[PDB]
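Q: Quick one: the structure is below, questions incoming.
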Amino acid sequence: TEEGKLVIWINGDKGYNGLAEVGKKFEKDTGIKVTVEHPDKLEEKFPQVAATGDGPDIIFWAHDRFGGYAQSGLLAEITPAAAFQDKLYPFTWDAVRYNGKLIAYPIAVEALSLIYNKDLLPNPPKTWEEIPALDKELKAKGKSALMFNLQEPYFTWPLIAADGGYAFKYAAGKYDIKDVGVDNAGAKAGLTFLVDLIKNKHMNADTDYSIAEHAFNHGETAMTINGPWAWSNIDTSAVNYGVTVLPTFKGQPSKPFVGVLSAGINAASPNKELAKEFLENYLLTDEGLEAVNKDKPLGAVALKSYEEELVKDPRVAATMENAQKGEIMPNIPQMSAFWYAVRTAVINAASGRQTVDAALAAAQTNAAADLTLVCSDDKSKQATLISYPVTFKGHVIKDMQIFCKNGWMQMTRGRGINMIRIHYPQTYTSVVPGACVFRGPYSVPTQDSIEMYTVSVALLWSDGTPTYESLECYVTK
Ligand SMILES: OC[C@H]1O[C@H](O[C@H]2[C@H](O)[C@@H](O)[C@@H](O)O[C@@H]2CO)[C@H](O)[C@@H](O)[C@@H]1O
């Protein structure tokens, strides 16, 4: 990256203009040009370019991605003075801590809220279960009850978690990578309710961020689910909106994943000192956070002086209320696998590509074991089992044994990708040297038209703990 300059990346839904204004100030003072960019899928792109010694000097994202970045050595250690550490809440500092070290600067606390149109809906429902009835009444008036982004599992997670779904279990002061809550009865209940909403045409499976934002901000739908950053665009619309607690599900609160917007410094940056100067003495100040927050709201900011003011904003109060009912995202590397697994499951269940159970079973195995099974509807074309580990530190799977119909075979966990072919029985290549064969077919009690094939996997963790997974493929008779 170019020395004597600063390149900053932040997501497109954020306050980049304000940040840019702060950049202008920094440039005017120090003569150092600050450039802000908002690449698409930057959370995926940053680790790719940063590994080559390229990319931005500073990267902005919620804290959950930063452990993965730190594990691969893509981030410089942050060592601020105590005086500056005092300026920010310790909670937000804890969010950016990885293996004892501070890997970023905390900026603001983010949580989803229920956003509603006061003119259409003076009293929004307090439960998910009421949305269908409400939708029927609004559909008669040429409107809909609720629209939100179904393409990102972040927005559906609050519902999935309400009845007891969870990412990784938290015991004492650390997360248990071995204990994943994607497949439990609660998660199934919540995802099932979502799919039921889609089945009854209360919502569309193809709805994304822009469609939901447009629908709500033009007054076509009575409610949406979004974060603080979204408010400024609504202010621009003609909608008088409230921001309130997410609806309960089965009598329990929705549990959004709480993010902490964080600014990391690329380990490949020559400009680190300049980045520290900018972040500490410019970006994190009443003025800088004022600029960014004015552009797009940050939620509850990490800076105490500004937060003291912000608490007066009821939208922020609603944000914090929802946050208190949710859970701070883990920052561990495995979160990358978790998010990918749940994203796939929601899209597949919502679109009708998989049942809720199958989708969440596959998501479970992917999130826990880094195992993906690519099925083919055509039995003659065999399945592919894929292992793609993202966690190389701490408790990890050391040894992996796949149990096929025809025997056991070992599979290594190294850094890279490991793929094997899984065969359906009765195929021409079913019995050949080195072939791993499915167990099945098994009859599906709900659908007579479908057959289930399965393989089992035994996992030996570095601490000696055994665990077991299974992966299924479903095929039409
Ligand atoms: O959808 C999975 C996604 O969830 C979170 O991303 C949020 C981000 O935290 C918010 O600041 C805002 O931009 O919306 C994003 C979802 O569209 C996680 O931080 C991210 O790792 C994960 O992929």
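Residue numbering restarts at 1 in every chain; chains get A, B, ... in the order shown in the structure tokens, and ligands count up from 1 in that same order.
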Tell me, as a CSV table (one decimal) with N, CA and C atoms, in the first residue's frame, which residues lie within 8 Å of residue 315 of chain A, counting only C-alpha atoms; anything in the same chain fewer than 4 positions away does not count.
A:
```csv
chain,number,residue,atom,x,y,z
A,228,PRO,N,-29.5,1.0,13.3
A,228,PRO,CA,-29.4,2.5,13.3
A,228,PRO,C,-29.0,3.1,12.0
A,242,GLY,N,-41.6,4.8,14.1
A,242,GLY,CA,-41.1,4.4,15.4
A,242,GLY,C,-40.0,3.4,15.3
A,243,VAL,N,-39.2,3.3,16.4
A,243,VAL,CA,-38.2,2.2,16.6
A,243,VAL,C,-38.5,1.6,18.0
A,244,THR,N,-38.7,0.3,18.0
A,244,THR,CA,-39.2,-0.4,19.2
A,244,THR,C,-38.6,-1.8,19.3
A,319,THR,N,-32.6,0.7,20.5
A,319,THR,CA,-31.5,-0.1,20.1
A,319,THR,C,-30.9,-0.9,21.3
```
Q: Kindly compile the residues surrounding ligand 1 within 7 Å, counting only C-alpha atoms and all ligand atoms, and format them as a list in words.
A: residues 11, 13, 61, 62, 63, 64, 65, 110, 152, 153, 154, 155, 259, 261, 336 and 339 of chain A
Q: Kindly save the residues from that selection, with N, CA, C and O atoms included, as a PDB file, in the first residue's frame.
A:
```
ATOM      1  N   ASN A  11     -18.295  -0.421   5.202  1.00  0.00           N
ATOM      2  CA  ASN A  11     -19.412  -0.985   4.458  1.00  0.00           C
ATOM      3  C   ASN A  11     -20.319   0.112   3.896  1.00  0.00           C
ATOM      4  O   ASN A  11     -20.380   1.222   4.431  1.00  0.00           O
ATOM      5  N   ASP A  13     -23.460   0.493   3.895  1.00  0.00           N
ATOM      6  CA  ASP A  13     -24.616   0.898   4.694  1.00  0.00           C
ATOM      7  C   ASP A  13     -24.222   1.828   5.837  1.00  0.00           C
ATOM      8  O   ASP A  13     -25.061   2.182   6.655  1.00  0.00           O
ATOM      9  N   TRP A  61     -15.453  -2.833  10.340  1.00  0.00           N
ATOM     10  CA  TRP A  61     -16.490  -3.862  10.330  1.00  0.00           C
ATOM     11  C   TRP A  61     -16.926  -4.161  11.760  1.00  0.00           C
ATOM     12  O   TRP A  61     -16.259  -3.764  12.710  1.00  0.00           O
ATOM     13  N   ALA A  62     -18.054  -4.845  11.912  1.00  0.00           N
ATOM     14  CA  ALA A  62     -18.465  -5.350  13.216  1.00  0.00           C
ATOM     15  C   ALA A  62     -17.364  -6.282  13.730  1.00  0.00           C
ATOM     16  O   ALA A  62     -16.637  -6.891  12.942  1.00  0.00           O
ATOM     17  N   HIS A  63     -17.237  -6.365  15.049  1.00  0.00           N
ATOM     18  CA  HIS A  63     -16.124  -7.061  15.680  1.00  0.00           C
ATOM     19  C   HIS A  63     -16.043  -8.558  15.354  1.00  0.00           C
ATOM     20  O   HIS A  63     -14.955  -9.140  15.413  1.00  0.00           O
ATOM     21  N   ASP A  64     -17.169  -9.181  15.001  1.00  0.00           N
ATOM     22  CA  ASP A  64     -17.203 -10.639  14.896  1.00  0.00           C
ATOM     23  C   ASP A  64     -16.199 -11.188  13.856  1.00  0.00           C
ATOM     24  O   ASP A  64     -15.705 -12.300  14.011  1.00  0.00           O
ATOM     25  N   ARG A  65     -15.884 -10.402  12.829  1.00  0.00           N
ATOM     26  CA  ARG A  65     -14.972 -10.839  11.765  1.00  0.00           C
ATOM     27  C   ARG A  65     -13.501 -10.673  12.129  1.00  0.00           C
ATOM     28  O   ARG A  65     -12.624 -11.207  11.440  1.00  0.00           O
ATOM     29  N   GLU A 110     -24.181  -1.867  17.904  1.00  0.00           N
ATOM     30  CA  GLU A 110     -25.232  -2.085  16.916  1.00  0.00           C
ATOM     31  C   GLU A 110     -26.123  -3.242  17.305  1.00  0.00           C
ATOM     32  O   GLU A 110     -25.638  -4.309  17.698  1.00  0.00           O
ATOM     33  N   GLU A 152     -29.508 -12.159   4.182  1.00  0.00           N
ATOM     34  CA  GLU A 152     -28.472 -12.151   5.213  1.00  0.00           C
ATOM     35  C   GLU A 152     -29.017 -12.712   6.531  1.00  0.00           C
ATOM     36  O   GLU A 152     -29.978 -12.166   7.074  1.00  0.00           O
ATOM     37  N   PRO A 153     -28.407 -13.791   7.059  1.00  0.00           N
ATOM     38  CA  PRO A 153     -28.966 -14.459   8.247  1.00  0.00           C
ATOM     39  C   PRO A 153     -28.966 -13.595   9.505  1.00  0.00           C
ATOM     40  O   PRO A 153     -29.652 -13.901  10.483  1.00  0.00           O
ATOM     41  N   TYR A 154     -28.191 -12.524   9.468  1.00  0.00           N
ATOM     42  CA  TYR A 154     -28.149 -11.539  10.535  1.00  0.00           C
ATOM     43  C   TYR A 154     -29.547 -11.013  10.899  1.00  0.00           C
ATOM     44  O   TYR A 154     -29.837 -10.752  12.065  1.00  0.00           O
ATOM     45  N   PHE A 155     -30.397 -10.849   9.890  1.00  0.00           N
ATOM     46  CA  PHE A 155     -31.714 -10.263  10.086  1.00  0.00           C
ATOM     47  C   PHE A 155     -32.729 -11.290  10.565  1.00  0.00           C
ATOM     48  O   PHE A 155     -33.705 -10.932  11.216  1.00  0.00           O
ATOM     49  N   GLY A 259     -23.614  -6.282  17.483  1.00  0.00           N
ATOM     50  CA  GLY A 259     -22.340  -5.981  16.858  1.00  0.00           C
ATOM     51  C   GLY A 259     -21.683  -4.772  17.477  1.00  0.00           C
ATOM     52  O   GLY A 259     -22.350  -3.906  18.027  1.00  0.00           O
ATOM     53  N   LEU A 261     -19.222  -1.927  15.952  1.00  0.00           N
ATOM     54  CA  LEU A 261     -18.511  -1.408  14.796  1.00  0.00           C
ATOM     55  C   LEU A 261     -17.092  -1.123  15.239  1.00  0.00           C
ATOM     56  O   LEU A 261     -16.878  -0.448  16.249  1.00  0.00           O
ATOM     57  N   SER A 336     -16.989 -17.320  11.019  1.00  0.00           N
ATOM     58  CA  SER A 336     -17.088 -17.205   9.574  1.00  0.00           C
ATOM     59  C   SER A 336     -17.840 -18.433   9.061  1.00  0.00           C
ATOM     60  O   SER A 336     -18.667 -18.324   8.156  1.00  0.00           O
ATOM     61  N   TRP A 339     -21.706 -18.189  10.041  1.00  0.00           N
ATOM     62  CA  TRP A 339     -22.497 -17.280   9.227  1.00  0.00           C
ATOM     63  C   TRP A 339     -22.787 -17.881   7.854  1.00  0.00           C
ATOM     64  O   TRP A 339     -23.904 -17.768   7.353  1.00  0.00           O
TER      65      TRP A 339
END
```
Q: Would you mind listing what lies within 12 Å of residue 142 of chain A as a JSON list (two decimals) with C-alpha atoms, in the first residue's frame, with only C-alpha atoms counted and same-chain residues fewer than 6 positions away left out?
A:
```
[["chain", "number", "residue", "atom", "x", "y", "z"],
["A", 120, "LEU", "CA", -50.18, 3.05, 9.13],
["A", 135, "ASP", "CA", -50.79, -8.78, 7.09],
["A", 136, "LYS", "CA", -54.23, -9.95, 5.92],
["A", 219, "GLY", "CA", -44.89, 3.33, 2.67],
["A", 220, "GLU", "CA", -45.77, 0.05, 0.96],
["A", 221, "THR", "CA", -45.11, -2.04, 4.10],
["A", 222, "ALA", "CA", -45.97, -1.23, 7.74]]
```
Q: Any idea what the distance is between atom CA of residue 272 of chain A and atom CA of residue 102 of chain A?
A: 14.6 Å
Q: Based on the backbone DSSP call, show me all residues of segment 90-290 of chain A assigned alpha helix (DSSP H), as a VMD selection string.
A: chain A and resid 90 to 95 131 to 139 153 to 162 185 to 199 209 to 217 231 to 236 272 to 278 286 to 290
Q: Export, as a PDB file, in the first residue's frame, the selected residues with C-alpha atoms.
A:
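Written output follows (part.pdb):
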```pdb
ATOM      1  CA  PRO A  90     -14.584  -1.134  28.617  1.00  0.00           C
ATOM      2  CA  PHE A  91     -17.352  -3.310  27.161  1.00  0.00           C
ATOM      3  CA  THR A  92     -16.619  -2.111  23.650  1.00  0.00           C
ATOM      4  CA  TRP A  93     -12.905  -2.724  24.324  1.00  0.00           C
ATOM      5  CA  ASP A  94     -13.666  -6.292  25.400  1.00  0.00           C
ATOM      6  CA  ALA A  95     -15.477  -6.788  22.083  1.00  0.00           C
ATOM      7  CA  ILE A 131     -47.984 -10.620  11.969  1.00  0.00           C
ATOM      8  CA  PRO A 132     -50.016 -12.946   9.714  1.00  0.00           C
ATOM      9  CA  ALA A 133     -53.387 -11.577  10.911  1.00  0.00           C
ATOM     10  CA  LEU A 134     -52.089  -8.043  10.593  1.00  0.00           C
ATOM     11  CA  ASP A 135     -50.792  -8.777   7.090  1.00  0.00           C
ATOM     12  CA  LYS A 136     -54.229  -9.954   5.922  1.00  0.00           C
ATOM     13  CA  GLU A 137     -55.774  -6.669   7.096  1.00  0.00           C
ATOM     14  CA  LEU A 138     -53.133  -4.515   5.394  1.00  0.00           C
ATOM     15  CA  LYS A 139     -53.161  -6.554   2.162  1.00  0.00           C
ATOM     16  CA  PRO A 153     -28.966 -14.459   8.247  1.00  0.00           C
ATOM     17  CA  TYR A 154     -28.149 -11.539  10.535  1.00  0.00           C
ATOM     18  CA  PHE A 155     -31.714 -10.263  10.086  1.00  0.00           C
ATOM     19  CA  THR A 156     -33.425 -13.612  10.635  1.00  0.00           C
ATOM     20  CA  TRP A 157     -31.173 -14.700  13.516  1.00  0.00           C
ATOM     21  CA  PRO A 158     -33.195 -12.829  16.215  1.00  0.00           C
ATOM     22  CA  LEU A 159     -36.216 -15.029  15.497  1.00  0.00           C
ATOM     23  CA  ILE A 160     -34.163 -18.227  15.252  1.00  0.00           C
ATOM     24  CA  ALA A 161     -32.539 -17.481  18.593  1.00  0.00           C
ATOM     25  CA  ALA A 162     -35.751 -16.464  20.407  1.00  0.00           C
ATOM     26  CA  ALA A 185     -35.761 -27.379  18.623  1.00  0.00           C
ATOM     27  CA  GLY A 186     -35.838 -23.625  19.195  1.00  0.00           C
ATOM     28  CA  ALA A 187     -33.953 -22.813  15.986  1.00  0.00           C
ATOM     29  CA  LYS A 188     -36.234 -25.187  14.104  1.00  0.00           C
ATOM     30  CA  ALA A 189     -39.319 -23.502  15.636  1.00  0.00           C
ATOM     31  CA  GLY A 190     -38.184 -20.006  14.644  1.00  0.00           C
ATOM     32  CA  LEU A 191     -37.032 -20.894  11.143  1.00  0.00           C
ATOM     33  CA  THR A 192     -40.243 -22.899  10.655  1.00  0.00           C
ATOM     34  CA  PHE A 193     -42.309 -19.848  11.606  1.00  0.00           C
ATOM     35  CA  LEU A 194     -40.359 -17.774   9.085  1.00  0.00           C
ATOM     36  CA  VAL A 195     -40.898 -20.375   6.358  1.00  0.00           C
ATOM     37  CA  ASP A 196     -44.592 -20.527   7.307  1.00  0.00           C
ATOM     38  CA  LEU A 197     -44.760 -16.753   6.834  1.00  0.00           C
ATOM     39  CA  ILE A 198     -43.285 -17.262   3.371  1.00  0.00           C
ATOM     40  CA  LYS A 199     -45.571 -20.252   2.518  1.00  0.00           C
ATOM     41  CA  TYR A 209     -31.956  -5.177   1.741  1.00  0.00           C
ATOM     42  CA  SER A 210     -32.796  -2.746  -1.061  1.00  0.00           C
ATOM     43  CA  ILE A 211     -36.268  -4.181  -1.684  1.00  0.00           C
ATOM     44  CA  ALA A 212     -37.170  -4.000   2.032  1.00  0.00           C
ATOM     45  CA  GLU A 213     -35.708  -0.516   2.432  1.00  0.00           C
ATOM     46  CA  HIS A 214     -37.545   0.718  -0.643  1.00  0.00           C
ATOM     47  CA  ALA A 215     -40.807  -0.947   0.383  1.00  0.00           C
ATOM     48  CA  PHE A 216     -40.750   0.561   3.865  1.00  0.00           C
ATOM     49  CA  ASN A 217     -39.455   4.004   2.919  1.00  0.00           C
ATOM     50  CA  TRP A 231     -32.628   5.578  10.063  1.00  0.00           C
ATOM     51  CA  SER A 232     -31.163   8.503   8.094  1.00  0.00           C
ATOM     52  CA  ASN A 233     -32.694   7.279   4.828  1.00  0.00           C
ATOM     53  CA  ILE A 234     -36.073   6.985   6.565  1.00  0.00           C
ATOM     54  CA  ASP A 235     -35.734  10.566   7.783  1.00  0.00           C
ATOM     55  CA  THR A 236     -35.417  11.396   4.098  1.00  0.00           C
ATOM     56  CA  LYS A 272       0.125   2.566  11.204  1.00  0.00           C
ATOM     57  CA  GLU A 273       1.127   5.594  13.315  1.00  0.00           C
ATOM     58  CA  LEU A 274      -0.861   7.912  11.048  1.00  0.00           C
ATOM     59  CA  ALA A 275      -3.809   5.526  11.313  1.00  0.00           C
ATOM     60  CA  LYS A 276      -3.560   5.588  15.110  1.00  0.00           C
ATOM     61  CA  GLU A 277      -3.388   9.384  15.073  1.00  0.00           C
ATOM     62  CA  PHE A 278      -6.430   9.600  12.791  1.00  0.00           C
ATOM     63  CA  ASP A 286     -17.281  14.252  19.752  1.00  0.00           C
ATOM     64  CA  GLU A 287     -16.823  16.018  16.397  1.00  0.00           C
ATOM     65  CA  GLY A 288     -15.823  12.991  14.290  1.00  0.00           C
ATOM     66  CA  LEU A 289     -18.479  10.709  15.706  1.00  0.00           C
ATOM     67  CA  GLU A 290     -20.886  13.639  15.282  1.00  0.00           C
TER      68      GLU A 290
END
```
Q: Could you find all residues in segment 244-458 of chain A that DSSP calls strand (DSSP E or B) from the backbone, and write them as a PDB file with C-alpha atoms, in the first residue's frame?
A:
```pdb
ATOM      1  CA  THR A 244     -39.173  -0.372  19.159  1.00  0.00           C
ATOM      2  CA  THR A 248     -41.546 -11.890  20.863  1.00  0.00           C
ATOM      3  CA  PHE A 249     -41.810 -15.448  19.601  1.00  0.00           C
ATOM      4  CA  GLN A 252     -39.819 -15.075  24.404  1.00  0.00           C
ATOM      5  CA  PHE A 257     -26.720 -10.550  17.614  1.00  0.00           C
ATOM      6  CA  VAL A 258     -25.114  -7.427  19.002  1.00  0.00           C
ATOM      7  CA  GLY A 259     -22.340  -5.981  16.858  1.00  0.00           C
ATOM      8  CA  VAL A 260     -19.634  -3.506  17.734  1.00  0.00           C
ATOM      9  CA  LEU A 261     -18.511  -1.408  14.796  1.00  0.00           C
ATOM     10  CA  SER A 262     -14.732  -1.591  14.890  1.00  0.00           C
ATOM     11  CA  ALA A 263     -11.764  -0.125  13.011  1.00  0.00           C
ATOM     12  CA  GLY A 264      -8.784  -2.419  12.458  1.00  0.00           C
ATOM     13  CA  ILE A 265      -5.324  -1.508  11.148  1.00  0.00           C
ATOM     14  CA  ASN A 266      -3.914  -3.616   8.314  1.00  0.00           C
ATOM     15  CA  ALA A 300     -24.861   3.629  20.917  1.00  0.00           C
ATOM     16  CA  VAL A 301     -21.326   4.979  20.469  1.00  0.00           C
ATOM     17  CA  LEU A 303     -17.207   7.258  23.217  1.00  0.00           C
ATOM     18  CA  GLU A 327     -26.137 -11.544  22.680  1.00  0.00           C
ATOM     19  CA  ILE A 328     -22.785 -10.022  21.796  1.00  0.00           C
ATOM     20  CA  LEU A 371     -18.062 -29.977   6.566  1.00  0.00           C
ATOM     21  CA  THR A 372     -20.175 -29.275   3.484  1.00  0.00           C
ATOM     22  CA  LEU A 373     -21.927 -31.965   1.444  1.00  0.00           C
ATOM     23  CA  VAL A 374     -22.701 -31.152  -2.170  1.00  0.00           C
ATOM     24  CA  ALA A 383     -21.942 -36.332  -4.024  1.00  0.00           C
ATOM     25  CA  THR A 384     -18.921 -34.343  -2.839  1.00  0.00           C
ATOM     26  CA  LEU A 385     -17.849 -33.985   0.795  1.00  0.00           C
ATOM     27  CA  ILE A 386     -15.854 -30.829   1.500  1.00  0.00           C
ATOM     28  CA  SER A 387     -13.733 -29.939   4.526  1.00  0.00           C
ATOM     29  CA  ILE A 397     -10.566 -31.202  15.442  1.00  0.00           C
ATOM     30  CA  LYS A 398      -7.248 -33.087  15.203  1.00  0.00           C
ATOM     31  CA  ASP A 399      -8.502 -36.260  13.527  1.00  0.00           C
ATOM     32  CA  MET A 400     -11.520 -36.974  11.361  1.00  0.00           C
ATOM     33  CA  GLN A 401     -12.883 -40.412  10.512  1.00  0.00           C
ATOM     34  CA  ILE A 402     -15.582 -40.817   7.867  1.00  0.00           C
ATOM     35  CA  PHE A 403     -17.834 -43.852   8.193  1.00  0.00           C
ATOM     36  CA  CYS A 404     -19.081 -45.093   4.847  1.00  0.00           C
ATOM     37  CA  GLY A 407     -15.702 -48.875   5.844  1.00  0.00           C
ATOM     38  CA  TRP A 408     -13.927 -46.105   7.748  1.00  0.00           C
ATOM     39  CA  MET A 409     -11.510 -43.630   6.175  1.00  0.00           C
ATOM     40  CA  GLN A 410      -9.351 -40.847   7.618  1.00  0.00           C
ATOM     41  CA  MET A 411      -9.486 -37.211   6.460  1.00  0.00           C
ATOM     42  CA  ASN A 418      -9.969 -31.360   1.402  1.00  0.00           C
ATOM     43  CA  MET A 419     -12.575 -32.967  -0.852  1.00  0.00           C
ATOM     44  CA  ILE A 420     -13.788 -36.533  -1.298  1.00  0.00           C
ATOM     45  CA  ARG A 421     -16.435 -38.113  -3.495  1.00  0.00           C
ATOM     46  CA  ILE A 422     -19.359 -39.837  -1.833  1.00  0.00           C
ATOM     47  CA  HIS A 423     -21.159 -42.433  -3.915  1.00  0.00           C
ATOM     48  CA  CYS A 436     -16.940 -44.065  -0.078  1.00  0.00           C
ATOM     49  CA  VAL A 437     -20.569 -45.203  -0.299  1.00  0.00           C
ATOM     50  CA  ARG A 439     -25.884 -45.392   3.753  1.00  0.00           C
ATOM     51  CA  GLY A 440     -29.422 -45.479   2.376  1.00  0.00           C
ATOM     52  CA  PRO A 441     -31.891 -44.975   0.957  1.00  0.00           C
ATOM     53  CA  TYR A 442     -34.012 -44.296   4.014  1.00  0.00           C
ATOM     54  CA  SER A 443     -37.708 -43.502   3.657  1.00  0.00           C
ATOM     55  CA  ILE A 450     -37.989 -38.606  -1.271  1.00  0.00           C
ATOM     56  CA  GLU A 451     -35.080 -40.840  -0.257  1.00  0.00           C
ATOM     57  CA  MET A 452     -32.422 -40.012   2.328  1.00  0.00           C
ATOM     58  CA  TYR A 453     -28.780 -41.039   2.033  1.00  0.00           C
ATOM     59  CA  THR A 454     -26.397 -40.454   4.942  1.00  0.00           C
ATOM     60  CA  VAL A 455     -22.754 -40.622   6.008  1.00  0.00           C
ATOM     61  CA  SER A 456     -21.433 -40.409   9.562  1.00  0.00           C
ATOM     62  CA  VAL A 457     -18.273 -38.702  10.812  1.00  0.00           C
ATOM     63  CA  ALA A 458     -16.295 -39.196  14.021  1.00  0.00           C
TER      64      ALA A 458
END
```
Q: Just want the 9 Å neighbourhood of residue 12 of chain A, counted on only C-alpha atoms, with same-chain residues fewer than 5 positions away dropped. Output as a list in words.
A: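 So the residues in contact are residues 37, 38, 39 and 40 of chain A.
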Q: Show me, as a list in words, the residues that have an atom within 12 Å of residue 25 of chain A when counting only C-alpha atoms, minus same-chain residues fewer than 3 positions from it.
A: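 Within the cut-off, the hits are residues 18, 19, 20, 21, 22, 28, 29, 30, 31, 32, 33, 34, 35, 278, 281, 282, 283, 287, 288 and 291 of chain A.
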Q: Using N, CA and C atoms, can you export the residues from the last selection as a PDB file, in the first residue's frame?
A:
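After the write, again.pdb holds the following:
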```
ATOM      1  N   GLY A  18     -19.529  10.992   6.362  1.00  0.00           N
ATOM      2  CA  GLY A  18     -19.052  11.659   7.562  1.00  0.00           C
ATOM      3  C   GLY A  18     -17.595  11.317   7.819  1.00  0.00           C
ATOM      4  N   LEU A  19     -17.293  10.028   7.720  1.00  0.00           N
ATOM      5  CA  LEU A  19     -15.932   9.545   7.874  1.00  0.00           C
ATOM      6  C   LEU A  19     -15.018  10.256   6.881  1.00  0.00           C
ATOM      7  N   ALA A  20     -15.512  10.425   5.659  1.00  0.00           N
ATOM      8  CA  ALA A  20     -14.777  11.140   4.620  1.00  0.00           C
ATOM      9  C   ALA A  20     -14.547  12.592   5.027  1.00  0.00           C
ATOM     10  N   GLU A  21     -15.576  13.243   5.567  1.00  0.00           N
ATOM     11  CA  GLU A  21     -15.404  14.610   6.081  1.00  0.00           C
ATOM     12  C   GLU A  21     -14.313  14.678   7.161  1.00  0.00           C
ATOM     13  N   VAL A  22     -14.319  13.705   8.068  1.00  0.00           N
ATOM     14  CA  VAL A  22     -13.254  13.607   9.063  1.00  0.00           C
ATOM     15  C   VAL A  22     -11.901  13.434   8.362  1.00  0.00           C
ATOM     16  N   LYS A  28      -6.525  18.294   5.721  1.00  0.00           N
ATOM     17  CA  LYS A  28      -6.293  19.729   5.817  1.00  0.00           C
ATOM     18  C   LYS A  28      -5.288  20.046   6.918  1.00  0.00           C
ATOM     19  N   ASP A  29      -5.403  19.362   8.052  1.00  0.00           N
ATOM     20  CA  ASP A  29      -4.450  19.567   9.138  1.00  0.00           C
ATOM     21  C   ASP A  29      -3.052  19.022   8.829  1.00  0.00           C
ATOM     22  N   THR A  30      -2.968  17.743   8.477  1.00  0.00           N
ATOM     23  CA  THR A  30      -1.678  17.064   8.350  1.00  0.00           C
ATOM     24  C   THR A  30      -1.117  17.011   6.924  1.00  0.00           C
ATOM     25  N   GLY A  31      -1.905  17.447   5.946  1.00  0.00           N
ATOM     26  CA  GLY A  31      -1.508  17.338   4.550  1.00  0.00           C
ATOM     27  C   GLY A  31      -1.538  15.916   4.006  1.00  0.00           C
ATOM     28  N   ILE A  32      -2.050  14.976   4.799  1.00  0.00           N
ATOM     29  CA  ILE A  32      -2.132  13.569   4.400  1.00  0.00           C
ATOM     30  C   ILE A  32      -3.487  13.249   3.777  1.00  0.00           C
ATOM     31  N   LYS A  33      -3.482  12.851   2.509  1.00  0.00           N
ATOM     32  CA  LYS A  33      -4.722  12.530   1.813  1.00  0.00           C
ATOM     33  C   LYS A  33      -5.372  11.283   2.409  1.00  0.00           C
ATOM     34  N   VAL A  34      -6.647  11.409   2.763  1.00  0.00           N
ATOM     35  CA  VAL A  34      -7.435  10.296   3.282  1.00  0.00           C
ATOM     36  C   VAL A  34      -8.499   9.927   2.262  1.00  0.00           C
ATOM     37  N   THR A  35      -8.497   8.671   1.824  1.00  0.00           N
ATOM     38  CA  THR A  35      -9.499   8.211   0.870  1.00  0.00           C
ATOM     39  C   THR A  35     -10.351   7.103   1.486  1.00  0.00           C
ATOM     40  N   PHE A 278      -5.120   9.324  13.371  1.00  0.00           N
ATOM     41  CA  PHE A 278      -6.430   9.600  12.791  1.00  0.00           C
ATOM     42  C   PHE A 278      -7.551   9.022  13.644  1.00  0.00           C
ATOM     43  N   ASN A 281      -7.257  10.651  17.570  1.00  0.00           N
ATOM     44  CA  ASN A 281      -7.355  12.095  17.770  1.00  0.00           C
ATOM     45  C   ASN A 281      -8.301  12.812  16.805  1.00  0.00           C
ATOM     46  N   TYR A 282      -8.868  12.078  15.850  1.00  0.00           N
ATOM     47  CA  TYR A 282      -9.817  12.661  14.901  1.00  0.00           C
ATOM     48  C   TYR A 282     -11.128  11.876  14.862  1.00  0.00           C
ATOM     49  N   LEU A 283     -11.077  10.613  14.450  1.00  0.00           N
ATOM     50  CA  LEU A 283     -12.306   9.840  14.298  1.00  0.00           C
ATOM     51  C   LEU A 283     -13.035   9.687  15.625  1.00  0.00           C
ATOM     52  N   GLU A 287     -16.650  15.472  17.743  1.00  0.00           N
ATOM     53  CA  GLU A 287     -16.823  16.018  16.397  1.00  0.00           C
ATOM     54  C   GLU A 287     -16.882  14.936  15.308  1.00  0.00           C
ATOM     55  N   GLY A 288     -15.899  14.039  15.298  1.00  0.00           N
ATOM     56  CA  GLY A 288     -15.823  12.991  14.290  1.00  0.00           C
ATOM     57  C   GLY A 288     -17.011  12.045  14.328  1.00  0.00           C
ATOM     58  N   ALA A 291     -19.954  13.820  13.026  1.00  0.00           N
ATOM     59  CA  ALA A 291     -20.005  13.796  11.561  1.00  0.00           C
ATOM     60  C   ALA A 291     -20.545  12.471  11.024  1.00  0.00           C
TER      61      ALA A 291
END
```
Q: Could you name the residues that touch residue 180 of chain A at 8 Å or less, counting only C-alpha atoms, but leaving out those on the same chain fewer than 3 positions away, as a PyMOL selection string?
A: chain A and resi 166-169+177+183+364+367-368
Q: Looking at A:425, A:202, A:330, A:340, which one is nearest to residue 365 of chain A, with distances taken over only C-alpha atoms?
A: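 Looking at the shortest contact to residue 365 of chain A, the residue is A:340.
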Q: Quick one: of A:114, A:329, A:70, A:75, who's nearest to residue 58 of chain A, counting only C-alpha atoms?
A: A:75
Q: Just give me the gap between atom CA of residue 103 of chain A and atom CA of residue 332 of chain A in Å, one decimal is fine.
A: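 A separation of 12.4 Å between them.
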Q: Need the shell around residue 325 of chain A: protein/DNA/RNA residues with any atom at most 7 Å away, counting only C-alpha atoms. Skip same-chain ones fewer than 4 positions apart. Format as a PyMOL selection string?
A: chain A and resi 253+255+321
Q: What does the file look like for those residues with N, CA and C atoms, as a CSV table (one decimal), in the first residue's frame?
A:
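Ended up saving to result_21.csv:
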```csv
chain,number,residue,atom,x,y,z
A,253,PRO,N,-38.4,-13.1,24.0
A,253,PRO,CA,-37.9,-12.0,23.2
A,253,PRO,C,-37.0,-12.5,22.1
A,255,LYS,N,-33.7,-12.3,19.9
A,255,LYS,CA,-32.4,-12.2,20.5
A,255,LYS,C,-31.4,-11.8,19.4
A,321,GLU,N,-32.2,-1.4,24.2
A,321,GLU,CA,-33.2,-2.3,24.8
A,321,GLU,C,-33.1,-3.6,24.1
```
